[PDB]
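Letters A, B, ... are given to chains in the order of the sequence lines, protein chains preceding strands, and every chain is numbered from 1.
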Amino acid sequence: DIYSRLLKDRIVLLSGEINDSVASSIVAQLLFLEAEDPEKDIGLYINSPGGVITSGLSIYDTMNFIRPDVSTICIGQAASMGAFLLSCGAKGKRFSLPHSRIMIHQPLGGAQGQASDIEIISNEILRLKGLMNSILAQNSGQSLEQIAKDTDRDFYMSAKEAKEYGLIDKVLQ
Amino acid sequence: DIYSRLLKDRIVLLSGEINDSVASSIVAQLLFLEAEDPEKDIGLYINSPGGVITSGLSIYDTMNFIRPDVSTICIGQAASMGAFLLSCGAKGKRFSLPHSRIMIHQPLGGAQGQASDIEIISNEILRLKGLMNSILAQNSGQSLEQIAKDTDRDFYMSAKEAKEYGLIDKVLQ
Amino acid sequence: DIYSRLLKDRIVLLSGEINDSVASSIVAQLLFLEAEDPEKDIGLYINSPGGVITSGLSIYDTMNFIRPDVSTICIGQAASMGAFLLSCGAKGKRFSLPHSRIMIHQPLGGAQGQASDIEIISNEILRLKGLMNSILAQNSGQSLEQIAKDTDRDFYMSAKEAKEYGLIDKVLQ
Amino acid sequence: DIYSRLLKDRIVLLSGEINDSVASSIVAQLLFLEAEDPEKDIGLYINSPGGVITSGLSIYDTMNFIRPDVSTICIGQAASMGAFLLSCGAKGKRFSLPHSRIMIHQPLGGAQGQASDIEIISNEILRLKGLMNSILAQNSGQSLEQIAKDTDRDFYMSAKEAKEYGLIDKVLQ
Amino acid sequence: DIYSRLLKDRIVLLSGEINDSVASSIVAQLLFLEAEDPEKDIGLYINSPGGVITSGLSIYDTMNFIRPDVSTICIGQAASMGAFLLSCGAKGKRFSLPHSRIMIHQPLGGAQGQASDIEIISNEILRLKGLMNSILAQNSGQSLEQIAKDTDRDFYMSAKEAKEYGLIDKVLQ
Amino acid sequence: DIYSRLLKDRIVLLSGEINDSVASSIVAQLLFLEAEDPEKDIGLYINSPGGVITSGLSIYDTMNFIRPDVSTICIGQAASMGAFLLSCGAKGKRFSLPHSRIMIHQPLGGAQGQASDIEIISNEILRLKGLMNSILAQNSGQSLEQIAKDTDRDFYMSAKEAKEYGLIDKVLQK
Amino acid sequence: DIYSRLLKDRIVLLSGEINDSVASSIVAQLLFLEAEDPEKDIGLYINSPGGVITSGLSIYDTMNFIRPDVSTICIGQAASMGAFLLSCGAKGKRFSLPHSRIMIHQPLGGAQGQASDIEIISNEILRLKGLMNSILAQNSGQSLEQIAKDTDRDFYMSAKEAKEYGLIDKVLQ
Amino acid sequence: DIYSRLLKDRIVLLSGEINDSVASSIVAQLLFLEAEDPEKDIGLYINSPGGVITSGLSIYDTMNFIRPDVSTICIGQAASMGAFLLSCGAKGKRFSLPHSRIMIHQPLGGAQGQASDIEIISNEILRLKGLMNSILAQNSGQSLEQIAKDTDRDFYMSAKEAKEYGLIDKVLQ
Amino acid sequence: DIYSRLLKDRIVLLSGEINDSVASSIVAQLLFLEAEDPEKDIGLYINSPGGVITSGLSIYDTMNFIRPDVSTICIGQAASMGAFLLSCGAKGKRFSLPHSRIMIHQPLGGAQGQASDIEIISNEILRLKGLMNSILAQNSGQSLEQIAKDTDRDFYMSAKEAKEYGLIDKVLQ
Amino acid sequence: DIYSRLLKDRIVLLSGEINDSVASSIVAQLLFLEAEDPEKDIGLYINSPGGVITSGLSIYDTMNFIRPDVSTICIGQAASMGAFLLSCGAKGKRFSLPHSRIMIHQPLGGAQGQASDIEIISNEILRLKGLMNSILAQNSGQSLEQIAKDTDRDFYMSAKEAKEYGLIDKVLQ
Amino acid sequence: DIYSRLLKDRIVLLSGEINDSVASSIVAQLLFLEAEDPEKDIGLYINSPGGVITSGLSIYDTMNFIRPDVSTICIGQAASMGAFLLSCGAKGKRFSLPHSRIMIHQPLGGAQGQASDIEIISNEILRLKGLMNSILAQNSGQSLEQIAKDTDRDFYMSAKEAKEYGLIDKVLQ
Amino acid sequence: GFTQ
Amino acid sequence: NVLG
Amino acid sequence: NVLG
Amino acid sequence: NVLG
Amino acid sequence: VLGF
Amino acid sequence: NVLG
């Protein structure tokens, strides 16, 4: 398994849409690598257009749950949850290749049913929106107010602008 | 045309799902009758499962917009917007047949997209929820809080119970 | 126009499935025939496998809403809500052709959602079960108990079996 | 496999919706783990939106049927049956990561056919409803009417709020 | 025909979504009425959720193209292009019934193909966005800045609020 | 009937996409009016996104065929074959309400099968492209290299710009 | 209708895909005009892409069966069976408008099943191919060998070329 | 793989419809048994309803291509190209089990498009008709015209009848 | 593995439709068989109806890319691109079994969109058609003009005819 | 494993459509080949019609990211994103087999929603168009404005022309 | 593999519908068992609702073809072709479990097309019908007339009843 | 079928 | 179309 | 058909 | 679900 | 794609 | 997701 071989070197690839099965895989590899060597860094390459929030946070937490530093490297693109995850990399160890594309935005979703259920779902999505912008501000050094304003609609950035924005630490030349 | 023959006696039949097309049709019959003679009562027979809220409100308002007193008679059933309309009939002229079923509940709906857009839709639906609740409370003499609590979930009742609640005036025999 | 010419003679056909639109067509005809002559009898020929309960009750209540006697004539068949309406004809005027078949049973339906809602729907379908068992009983010399037992499942009868059971008054020949 | 490499460490991952197939896999892993060392603890990581109740109940009853303690760790989310299972963890060993969401609600279902059969389903659903809330009160410390009142409509909460509510014992900060 | 009879009283009625087919019927009736009498006012009742931009424009211009004053009356609702047309009525003759809801927003559309073809569609929709915002600011008395601000997302408002925003002149009690 | 009635006033309405069934109706009404009075002008109201080239040309050729002058009025929009037809109205009789949108482009089509068949189609659509860039040039007063350049991709214009451009003669205002 | 008023001026409009249904209408119109003035000319306007071969032949044969002369005018386009019927017009009375398009080609068809049946069908399509090309040869003056060559694949021509070719007598202006 | 084991015993199974994929698998096995031992016999068991002509022809030819004698045994059925292949087995080594049925016929196919393309396909399939009728007579001893006559329509026959016809050499009792 | 085993003897099978998938697999096998021995001959057996042109050319160039002689053997059929590849076999080593069928033709494809794009596609496909008629003429010793003429439509031929035409060198009897 | 084996010889195959999944495979194969030996050339064979731009750039950056030179060889075709990667190989090592085709064009995409969102997407696809024409001019030696003009529409060319354009360095005769 | 394991004990499982694919896996298994030991009994457990005729016929013939006695054992059920095969087990070793069902009937099939072909298909199934009946007769001791009439329609029977009829020899306890 |  |  |  |  |  |  060309991927298992890379896992052998502490490299994990998070490619494509983020859902529960994709999150469980990433989380499983994250636990496996902490068991092998709790002290060596982990390289998490990201090329994701985003995905399910709770699945994404699942990866977010675990990253900060195990002992090893998890570096993030953006290849191709890091959109939505992908971007969020890219920004959660070990401070100082979050990178991006020269021509990557990073995009952050507000949560997407839907509700159907009684006014009460719609209201409840509406509130929860607002909970997530606030929660994620907040973590975004902390990771980039940007203010919550600024994150909220910039993510109202799809905000695209080049790798260089992503560094300048604080979502990432360095661009590999 | 029979349905047309009944319009001649000032009888309008509202049956089935309520939407813009059906609503327009009723409205046209209300306006026409008014033109014919603005003082003669009108009989609005209602057998409806409910439907589109803005569609129902157009019917509601047109019944009060015109000169003729619009008597409502519930046959088969009058649920949701159907029951709302039945209760908007002319005071003391809101009837129902002995074996009719009447049901009132909170609005139903859906929303999809950005958290921002979902919220605004949630607010708009909660606006109709409160607007219609206040109207049912007013129409029945019932309290707002009492109306709200009873329409949290589908609230069914007999023609006789409907009269007691204050939704109709008399049950015919 | 056929069906129309038969209306000038005061006969209305309830043929096929029963739903709001079919009902509206029937009550409209009943209302029209009354305006015409609140005296002469009305022949309600029935060949139906049944339909939506509330749709049926609206025909029922209307039958006994107008002044002219509503006699029913069963041709082909009267199953479920069909047999119900048959038995609701003017006591003494409920007929049936020799080879027709009658069938009575309990209500059918469905419920989806939260347990709280399924319970409400379930309670309402049961409320309609008892309601029709009672009316059915009264329309025949049967007891509420005898009806509740024979309708638990499809109960097919012949015309003569229908006369003796008490659903129709006589079988023409 | 990688999940297998984790099974050796008595770690079991429960991801996605719960059904017979998924449950079956969990039970087998629980049976295996204790049939490998009835003393060492088991770690049940959960990221699920819920699913079939009887499927969930088989997992629950197994977690207690075996001997080793089955601690529960919530990553990403634990909703409905997912949340139920999380709370069923070895008293004192129910954990959750920082940004995991937890959600409780009443059961959902359906029923079609004769009123008798709908009533039987409605009753069975209300039964499992009572059983669920009952077991929930015992796991959290909340009262039975407190739980019943809170599980009417989806009730979302942060890991922190779940620790306070008593569904979990600690949040791995 | 009921609708055709109201047309005789110079009433048109929009109702339903707006597309080329619907617009052409409206225009025809407007031109027709002008032929029958270029001095007598016209009552265009609107209950619409909106529709194709250019289709609505054809109605807007035909209104200002003919001699008779075209009053507008919102029943049920007037959203998107529906609200635009409501505000375009003859000054002093733009009305609504008490419970109608009015909603304005920005354009919605689609594009696919070469980056060049997409820039062209995006540009064209932007041109339509500015055109309608100015006309809308022009019909209500609001400044272009305020309209652009309030229509960025769905802006729902009652008939009263719509009157106070300048969209309509009076609300018939 | 609302449309039959307006037809009694020499008003013809072209609404929606153009296809054989729609052009046939338009031609039928055009021929009819000339049989009523081959002298009085005709009012062709257009609100269309375009359609089948062939079907558009039948309408166009019939407009010039009959004797009556055919004035065109654009309401809503006139795109592709719609703007082409609008620009074919009797010179000085081409109009547009103030908020209409006019759009012109090159033709669209499909092609499948053997290379030989694709070439035939390719050539036949190019022939139609050149023929219409000529009719447009002729109707607007623009050069043939200008029509070619502007119609390479979708070219949107407001009523005023369409007049400046030459596709219409006057923008009727409120 | 409009088409029925042109049928009063000896005008027939053959538009769209030719098939048994349409040919029956064209035919009936010709027979009808046969009934009326059997010496007056007929104006058959053609805007067709082609159609069922046999269907087209029913129109061709009928044109030559009735006594009235059938003038054919090509508006829009005349391709395949339509170019065929256009060329069958009365000698000297076959026209086209300046911008039409005329296209001729060989029959198209299909066959499935046993080798024997495919050969049977192949022979028939070949026969029809020979018949058609033969009539096109007579009609235009071209030779058999020449028509077979040009009709091998789609042959598109302007109104002028169509004249030079012999399919059309004159081009109106 | 069970089939793989039987392959070591030089047995090959041809079951179901023949197509390129299935044909190529048979060819590959025949080339493998060839390379394994070019002197020993190969056993081709056939149970097929037939299939693609060229696919069968590649098997027929590969059968005579390689050195090993290829016996054929019909089990179940050998119809169309299936019977054809059976008769292509090595002389004196064409077998069948007692209750197996053998059926022969003429080729089946399809043609769609211009008359010229249908002709080409028609000729090609007939060529394949004559070609295989030949090999059939050769293999059967039967004469061409007789084979031609008997394959006009599905010719069904018993194992004995296939033997008497010359398709099979012996019926393994 | 059957194919893996024949690959050992340098036998590569090209069966069925040709697209990028099968092309990259044949390409790989050929690259493999060159690193195993750049001297020994390779036997490429072709049973194909054709496929994607570029996919096909990938095989042709690879055949000439490597040093080993790539002999071609036709079993079943070789049509279009299949026949093309067959004819591209090492000079002197292009074979075919006795009952195989070879068919050559011109390229097929499609174009949709703006005149300019259809035109670009039409020129590309024609350029491809020229390219292959050239190679096809070069391989069979025919005039570029002859191939274009003979391949205007489907040209079928037996193994024998194929050799006489120059597409192959010998027919292994 | 045919593909795995070629991998051991530092051969990577890029065939068919390019998407996140396929990109993740190539990236992984490149990372591996670097760990394996950071100083040996790697050969990337490309036969692709193109695909997702970001997926395409992930490969591009990775190619430059790693230490080993990555030579590119076009075999079937390198269209769009495929032609882009081809031109991205190490200078002096960009090859193509004769008969391969190269095609470069501008990016393609789609957008739905509010004018604001369509504007955001259009600008973004335009950022990517400029970014790619830019690198394309840097790889070929062409001026940016020249790449922008010949790329406006699909630009097809042979290996030789591609070589003169500067997309590759040599055609492997 | 559980199934392969039971194969070492000479146990074959024929469960589910019978078709060529399933028949082939069975024939193969039998052929293999006779290889591994042409003298030891084979255990054929049957639970099938039946299937294709020639498919079961190949299984039946293979059973008497090999040297080993094939003992048939019915579990669950044996119907149509399944019952047929059960009765074809080695005399004295045709078994069935206590609660299995056995059913026999005449063959099912279909024809479509010309009457010549329909006739041909008809009497072909009549042939297979006769063959089957007769084989059942001589397997059960029943007369052809008895069998023929008992299979005119579905004939279900229990295990002990199956012994009485002669389809099986013993019912294991 | 047969179309011209 | 484009609705706004 | 052919549009544009 | 909820897409972040 | 374009085929042969 | 856009195609290059």
Side-chain angles (χ1 to χ4, degrees), chain B residues 1-48 51-52 54-72 81-82 85 88-90, chain C residues 21 24 28, chain E residues 1-18 21-23 25-30 32-33 36 40-49 59 70-78 82 85-86 95-100 172, chain F residues 1-2:
Chain B
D1 177 11
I2 183 177
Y3 279 124
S4 297
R5 308 188 189 188
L6 298 188
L7 183 63
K8 197 170 176 178
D9 291 328
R10 300 220 128 212
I11 301 167
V12 170
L13 262 65
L14 199 219
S15 74
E17 194 79 51
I18 301 176
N19 42 252
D20 287 338
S21 179
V22 165
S24 182
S25 179
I26 294 298
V27 169
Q29 290 179 69
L30 293 192
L31 298 183
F32 167 71
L33 292 189
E34 170 170 66
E36 292 297 303
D37 178 352
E39 257 175 63
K40 273 181 165 57
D41 277 9
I42 300 181
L44 177 54
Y45 291 72
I46 299 165
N47 185 8
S48 171
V52 184
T54 65
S55 293
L57 289 169
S58 79
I59 302 174
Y60 165 40
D61 278 338
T62 300
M63 285 161 63
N64 286 155
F65 174 56
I66 59 173
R67 297 284 196 56
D69 251 7
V70 179
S71 175
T72 56
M81 184 55 69
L85 291 188
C88 289
Chain C
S21 73
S24 291
Chain E
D1 166 25
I2 193 70
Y3 288 123
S4 293
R5 201 284 172 175
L6 292 178
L7 180 55
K8 194 181 184 182
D9 296 320
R10 294 186 82 75
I11 298 178
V12 182
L13 295 175
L14 179 34
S15 203
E17 298 210 355
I18 306 175
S21 184
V22 175
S25 168
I26 305 298
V27 165
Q29 305 172 56
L30 289 180
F32 163 65
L33 293 171
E36 255 203 353
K40 253 295 187 62
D41 286 0
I42 295 177
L44 169 59
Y45 294 67
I46 302 169
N47 185 343
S48 176
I59 299 184
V70 179
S71 171
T72 51
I73 314 77
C74 173
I75 65 180
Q77 91 182 318
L85 289 187
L86 178 55
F95 317 113
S96 175
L97 273 15
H99 307 276
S100 299
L172 313 154
Chain F
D1 185 15
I2 197 57

*Heavy atoms only: give me the nearest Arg67(B)-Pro38(B) pair and the separation to one decimal.*
CB-O, 3.0 Å
_side chain to side chain contact (heavy atoms under 4.5 Å, CB included) assessment of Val12(B) paired with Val70(B)_ = CA-CA 10 Å; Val12(B) 170; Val70(B) 179; over 6 Å; no
*Taking the side chain as every heavy atom from C-beta outward, state whether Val22(B) and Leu14(B) have any pair of such atoms under 4.5 Å apart.*
yes
*Sequence neighbours excluded, which residues qualify as side-chain contact (heavy atoms from CB on, under 4.5 Å) partners of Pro68(B)?*
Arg10(B), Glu34(B), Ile42(B), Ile66(B)
*Work out which heavy atom in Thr72(B) is nearest to a heavy atom in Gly89(B); give both atom names and the distance.*
CG2-CA, 3.6 Å
*Just how far is it from atom CG of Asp61(B) to atom OG of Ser96(E), taken to the nearest 0.5 Å?*
7.5 Å
*Closest non-hydrogen atom pair, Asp20(B) against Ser55(B)*: OD1-OG, 2.8 Å
*Is the shortest heavy-atom distance from the side chain of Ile18(B) to the side chain of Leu85(B) under 4.5 Å?*
yes
_Please report the interatomic distance CG(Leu33(B)) to NZ(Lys8(B)), rounded to the nearest 0.5 Å._
13.0 Å
*What residues form a side chain to side chain donor-acceptor pair (under 3.5 Å) with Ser21(B), not counting sequence neighbours?*
none
*Student check: side-chain heavy atoms of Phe65(B) and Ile75(E) closer than 4.5 Å*: no
_Distance check, rounded to the nearest 0.5 Å: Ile2(E) atom CD1 versus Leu7(E) atom CG?_
12.0 Å
*Quick one: closest heavy-atom pair of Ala78(E) and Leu86(E), and the distance?*
CB-CD2, 3.9 Å
*When rounded to the nearest 0.5 angstrom, what distance separates CG in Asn47(E) from OG in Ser100(E)?*
7.5 Å
_Listing request: all salt bridge (charged side-chain N to carboxylate O under 4.0 Å, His left out) pairs with a residue in residues 35-45 of chain B, at least two apart in sequence or in separate chains._
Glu36(B)-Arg5(E), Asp37(B)-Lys40(B), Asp41(B)-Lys93(B)
*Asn64(B) side, atom CG; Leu172(E) side, atom CG - distance, nearest 0.5 Å*: 12.0 Å
*Taking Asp1(E) for its side chain and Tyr3(E) for its backbone only, find out whether a donor-acceptor pair lies under 3.5 Å.*
yes
*Backbone of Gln77(E) reached by a side-chain donor or acceptor of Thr54(B) within 3.5 Å*: no
*Got a sec, which residues hit ring pair (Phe, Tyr, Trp, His ring centres under 6.0 Å) with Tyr45(E), two or more places apart in sequence or on another chain?*
none
*If every non-hydrogen atom of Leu13(B) is compared with every non-hydrogen atom of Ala28(C), which pair is closest and at what distance?*
CD2-CB, 4.2 Å
*Just jot down the side chain to side chain donor-acceptor pair (under 3.5 Å) partners of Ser24(C), sequence neighbours excluded, or say none.*
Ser15(B)
*What are the two closest non-hydrogen atoms of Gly51(B) and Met81(B), and how far apart are they?*
N-CB, 4.1 Å
*Of all residues at least two apart in sequence or in a different chain, which pass the side chain to side chain donor-acceptor pair (under 3.5 Å) check with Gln29(E)?*
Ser25(E)
*Could you grab the distance from atom CG of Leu44(E) to atom CD1 of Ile26(E), nearest 0.5 Å is fine?*
6.0 Å
